[PDB]
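Chemist: Build me a model from this:
(9 chains)
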Amino acid sequence: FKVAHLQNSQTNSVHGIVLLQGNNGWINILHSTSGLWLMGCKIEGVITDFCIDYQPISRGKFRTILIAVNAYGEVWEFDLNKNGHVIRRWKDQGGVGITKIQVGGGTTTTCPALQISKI
Amino acid sequence: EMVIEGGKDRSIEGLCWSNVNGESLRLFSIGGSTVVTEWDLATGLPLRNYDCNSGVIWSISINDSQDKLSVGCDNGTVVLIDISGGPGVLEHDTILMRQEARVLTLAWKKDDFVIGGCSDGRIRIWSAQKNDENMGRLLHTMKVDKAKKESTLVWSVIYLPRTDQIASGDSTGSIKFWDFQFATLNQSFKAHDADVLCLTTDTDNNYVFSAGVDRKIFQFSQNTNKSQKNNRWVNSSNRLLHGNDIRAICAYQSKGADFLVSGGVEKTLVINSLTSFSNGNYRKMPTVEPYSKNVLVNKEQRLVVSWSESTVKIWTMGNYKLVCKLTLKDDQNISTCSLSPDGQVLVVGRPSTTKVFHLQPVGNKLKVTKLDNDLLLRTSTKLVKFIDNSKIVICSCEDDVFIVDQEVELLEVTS
Amino acid sequence: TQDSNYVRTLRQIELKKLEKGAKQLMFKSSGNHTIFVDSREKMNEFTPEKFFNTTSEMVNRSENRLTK
Amino acid sequence: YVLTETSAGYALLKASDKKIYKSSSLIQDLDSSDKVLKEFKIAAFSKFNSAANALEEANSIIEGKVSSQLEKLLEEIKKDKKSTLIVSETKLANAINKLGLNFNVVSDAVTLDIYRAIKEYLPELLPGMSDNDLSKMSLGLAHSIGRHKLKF
Amino acid sequence: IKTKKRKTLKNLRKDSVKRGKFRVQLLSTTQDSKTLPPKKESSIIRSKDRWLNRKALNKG
Amino acid sequence: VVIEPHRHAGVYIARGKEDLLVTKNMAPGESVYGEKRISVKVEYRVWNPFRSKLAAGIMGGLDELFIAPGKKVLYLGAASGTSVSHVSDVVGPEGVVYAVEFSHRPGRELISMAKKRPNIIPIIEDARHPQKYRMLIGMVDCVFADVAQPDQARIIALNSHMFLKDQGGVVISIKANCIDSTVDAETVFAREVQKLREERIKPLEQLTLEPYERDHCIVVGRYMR
Amino acid sequence: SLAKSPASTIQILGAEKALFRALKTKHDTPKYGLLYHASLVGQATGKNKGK
Amino acid sequence: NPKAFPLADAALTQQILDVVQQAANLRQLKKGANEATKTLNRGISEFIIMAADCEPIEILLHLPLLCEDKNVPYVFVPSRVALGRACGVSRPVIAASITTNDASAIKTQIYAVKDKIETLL
Amino acid sequence: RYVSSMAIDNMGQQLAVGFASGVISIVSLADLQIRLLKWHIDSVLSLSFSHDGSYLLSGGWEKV
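Modeler: Numbers count the residues shown, from 1 in each chain, chains lettered A, B, ... in the order given. See the structure here:
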């Protein structure tokens, strides 16, 4: 699992999501306080790892992107501040057994932002 | 209007229409075999048996603009058949890039792409766009959520043109909607309890109807403006109307007609409304409406003849007693039949030949003997109706009206 | 590695001797020969020397039958 | 009352029919020729017969492998213009020179039978040539077009 | 005659008998080949209906 | 050392130290592909039932092989001279073989052996468009098919309806995998002989050539009309 | 026929009798062959002309 | 590249490169075009994998010409970099031959992948 | 046709009508299209939405 932040995008209300990597291609995203299943994102292949990217939009609004990798090397990016819909699908140049993706240089799940304007 | 009968050990699994604007209707159909069969609607015979050049056909679909024909075969092939050569003439075009498992259902996106659900639980996407670099090779593969304790088969695949999705029903009962570009799932519903054999949609793709062996018809709706701007189907409704199964479903929607038609293992047809499915009413047709009869009686001897597929049977009133039957197996298909007044000679007749049998009541049984006439043995018969005890009138399947035991002048009709 | 080279070239010698020895032999054919005929009496009869023309010498081995 | 366009190289041949155009494009089952029926039905009307020149041979070869509106077909349209007569084309994909200007063309399902007849008996009566000469000019054209397409 | 009627029926109906190394097949008729589409492959039809009547869906 | 003749002249059996099948020469002096050459004053090229496909049908026994020394034959599938060399040997210098292929990678050696033999004329166009070589030759006496494409019956039906005279021969070699794998050779060969007698090809014989090729057949037929 | 041969064959291509005697008894094979007279191998000196 | 016949799609290329990785662990592949042609000459190759990614593809398309003589299956995958990763070396690999064995642990996987290859020939 | 419960969400887009027969029906208030939810085998006694409106709590005569 990985824990991340999500914005409601009709209120400016954030809440934590946990993201579980499942069997088929599935990522099950669910609320970190109530445990309610919010959405799910399925990639095509053997899901091996995933990471969370954030991008700011305006004052006090950001957008959460799930970045999930096949074993083969093809990467899906899901916008999940709306319904968990794909916005980009690209392919890793080379790479055949893919174990771990990570982002960095901004707020990851391991360098987390304490304040929403610091995302 | 008409009925086109097939004979012993013949079935029909898929059939598609083709009407290029300005030309006649054309009706192709697969059976459980290696050929496609195109029928001319006049005679009620096959006018073409095109043997597709790879394996046993499992599904058939027609291109949008209807110049090409996909047949999806048991050895994993998808074969394109060039249809636009005129009614009757069918050419082989291209075998698409092969695979292992049999492709059980087909659909086209447009003239461009062809989607196919296979028996390994996957959904392939090939490009049938001629004069591209990737023509014929399979562009994408998607895998549905497999059953835990048995193999999964994707049974039904349609393309939804208003959005850009593929709807797919498989043998777990789950119905999935896939974004075509990015080739990936948007949302999965766990709708039925067993397989989803057939699913269809309306014109503007505000509804998707679906049905299978658990005999309920589910309706998935996207009619709200928020549903259309969010691309979110909801599992709207669910009806239980059929008795055993639903193996075929289709929809028609026009200015004075909006109905979905469904039928299955129980032999009856069911009509529902498209935009008023859950609310409105429905009509379960009778299992047979005998526009072409299979039973007639003769008042002398109080007897009645009745023919099912390739056998006739005769019984008398008294109670009742089965006096004779003719399971003629030199025959393969039956059609209409008539007895002589006085009950002497029976004549059975199909669109390929006809045959006449003298009958003699020998008591609690009959004796039946063929009487040879090669004109009858060569002629095609639709109707035989017995002018006299000897004279009959014959309507041929190629619009001939003979009088035997010779030719009625018949004027022509404005086309 | 050099005794592996020795065994490999011995194997290649026997490989080439095998292929260009079997190229100059002739093997007896074993194929399901099938003949298509008319209505039923042509099938009921013996196929009467339609390509054997002797039922003793030139019938049952097919590498070269003959027509005298 | 009809012509038919038959080729053997750069040498094209607009051979006319010994019957009507409807009789040519309607029955076609009466030839069955040994030699005499094709010899009677045949009529060598026009023979735009070029030579072993590689330019003219490969030019008509490219126009035969593509649509057939070559200069020899324009010569046939010149040398058959009587009353916008009926023509029998070989390939249906030569529709441009089939119906371009004053020629009622027909090539469907019995034109192939009459082309079987006239192609069976091209050398016996149409030219003043012999069988080895026709095979030699055919193989010269064949080697020319082969080395043209297959580069060297 | 009760225990061999299907035997003499099939042995008079069927064709393509053996002749030593050979096998003399009958060619079929344009009559049947132009009046009807060919028969279904009972292997695949049995596969599809046996699937739809598998034991895992409790029919009744 | 003793050459006996076959049922078709131009085909012989060189008996002796190796009782093996053989044809004549129309190439004076030389082999083309390293096939063995037997002289008996007169030069002879060994045919191989494994290297070639028609030789396997001859070795399995083809009685009315319509390839015969007084004809001209159309070969739709050689790709190289390894069979049409022997067909030009058996048809002799009286006739002509039209070796028509599509893939121009071994068409180089096809044209290279057609340089040496005037019997062999090549066509480098695909055999589903015979109209593109309308203007080259017509009215052959026997077609041969060795195409491993799925539309074998349609390709040779088009070539025989355009270029085969009546009552002539059709020899078609059918690979089972190029049509339908996973189902046996008996059903796919029955399906193809029915598909070919849908056209005006009366089937005469099929044989399976089993010691030379896996799951192949050679079907001969006479072109009706 | 030269193009469908591996690069090791193109190395030893001239020296067949030395090669096959040094294989049929277990000795060391040559390293130059017909390619020894190339100008680059002329520029090299030592064991790196084998290289 | 147009002249790289049969090219694999994503699922087939994923299982091809999976069997390449386990053959590399079992020391059952010859990586490189010259070693692939040597196994083609000696007849000890199960199937050939090539890369449709080399900037002269004519340094490859000669081993097809002796694959079709020994009727050994051959296939193209789109990335020489990924083929080198699968073969388990640090360089890009242009071609790789999975060698023959009869006591091999991955014999069933090799046979399944080579049947999926010879379906598309 | 007797209705024993109703609920609205925080936007007024959808509305839950729980009937005494046991069914629930979410109407979409902008266009009055309904969706039926049938689980309660006796009367529906209580309905609520979540804050985002994507979950519906229901309770009835079964103690579930």
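Chemist: Now the residue located most distally from the centre of chain B. Its backbone dihedrals?
Modeler: For chain B, the residue at maximal distance from the C-alpha centroid (Cα atoms, centre = their mean) is residue B:363, at 44.7 Å. Taking degrees, to the nearest 10, you get phi 120, psi -110 for the backbone angles of residue B:363.
Chemist: Now look at stretch B:33-45 and say if it contacts chain E.
Modeler: Yes - counting by Cβ under 8 Å from any Cβ of the partner chain, chain E has neighbours in stretch B:33-45: B:33-35, B:37, B:45. C-beta coordinates here come from the backbone N, C-alpha and C atoms, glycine included.
Chemist: and the residues you listed near chain F, which?
Modeler: The subset of the residues of stretch B:33-45 next to chain E lying close to chain F, counting by Cβ under 8 Å from any Cβ, consists of residue B:34.
Chemist: Can you tell me which of the residues of stretch B:33-45 next to chain E is nearest residue E:22?
Modeler: Out of these, the one with the shortest distance to residue E:22 is residue B:34. That distance is 26.8 Å, counting by Cβ to Cβ.
Chemist: residues making contact with stretch H:36-44?
Modeler: Outside of stretch H:36-44, the residues that reach it under the criterion Cβ atoms under 8 Å, 6 or more residues apart in numbering or on different chains are C:8, C:11-12, C:15, G:4-6, G:8, H:30, H:45, H:48, H:62-63, H:66-67, H:70, H:72, H:95-97, H:99-100.
Chemist: buried residues in it?
Modeler: H:36-41 (16 or more other Cβ atoms under 10 Å in any protein chain shown).
Chemist: Need the CA coordinates for that stretch. CSV is fine.
Modeler: Taking only C-alpha atoms (Å, rounded to 0.1, in the frame of the first residue of the first chain), the coordinates of stretch H:36-44 have been written out as CSV:
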residue,chain,number,x,y,z
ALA,H,36,22.8,-17.2,-33.0
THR,H,37,23.9,-18.1,-36.5
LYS,H,38,26.4,-20.6,-35.2
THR,H,39,23.5,-22.4,-33.4
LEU,H,40,21.6,-22.1,-36.6
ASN,H,41,24.4,-23.9,-38.5
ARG,H,42,24.8,-26.6,-35.9
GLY,H,43,21.1,-27.2,-35.5
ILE,H,44,20.9,-26.8,-31.7
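Chemist: ok now it, how far from the chain's centre?
Modeler: In terms of Cα atoms, centre = their mean, to the nearest Å, the centre of stretch H:36-44 is found 12 Å from the chain centre.
Chemist: ok, which pair from the residues of stretch B:33-45 next to chain E is furthest apart?
Modeler: Checked with Cβ to Cβ, these reach their widest spread between B:34 and B:45, with 19.6 Å between them.
Chemist: quick one, which of these two is more surrounded?
Modeler: Neighbours per residue (other Cβ atoms under 10 Å in any protein chain shown) separate residue B:34 from residue B:45, with residue B:34 holding more: 27 against 17.
Chemist: ok, now how distant is that one from residue B:49?
Modeler: According to Cβ to Cβ, to the nearest Å, residue B:34 and residue B:49 sit 10 Å apart.
Chemist: Now list whatever residues contact both of the two.
Modeler: Common neighbours of residue B:34 and residue B:49 are listed as residue E:38 (criterion: Cβ under 8 Å, 6+ apart).
Chemist: Name the nearest residue to residue B:242, sequence neighbours excluded.
Modeler: Leaving aside its chain neighbours, residue B:242 sits nearest to residue B:215 (4.8 Å; criterion: Cβ to Cβ, 6 or more residues apart in numbering or on different chains).
Chemist: The one you found touches residue B:239, doesn't it?
Modeler: No - using Cβ atoms under 8 Å, residue B:215 is not in contact with residue B:239, being 10.2 Å away.
Chemist: These two: which has the busier surroundings?
Modeler: Summary of the neighbour comparison: residue B:215 and residue B:239, criterion other Cβ under 10 Å, with residue B:215 having more neighbours (19 against 16).
Chemist: Would you confirm that residue F:172 belongs to a strand?
Modeler: Yes - secondary structure of residue F:172 (DSSP: H, G, I helix; E, B strand; the rest coil): part of a strand.
Chemist: bridging residues for residue B:138?
Modeler: residue B:126 (DSSP bridges).
Chemist: how about stretch C:55-66: buried residues?
Modeler: Of the residues in stretch C:55-66, C:58-59, C:62-65 count as buried by neighbour count, 16+ other Cβ under 10 Å.
Chemist: now, which of the residues you listed sits nearest residue D:93?
Modeler: Among those, and counting by Cβ to Cβ, the member closest to residue D:93 is residue C:62, at 45.9 Å.
Chemist: quick one: secondary structure of the residue lying closest to residue B:296 once chain neighbours are set aside?
Modeler: Leaving out its chain neighbours, the residue that sits closest to residue B:296 by Cβ to Cβ, 6+ apart is residue B:305, at 6.1 Å. Look at residue B:305: counting by three-state DSSP, its state is strand.
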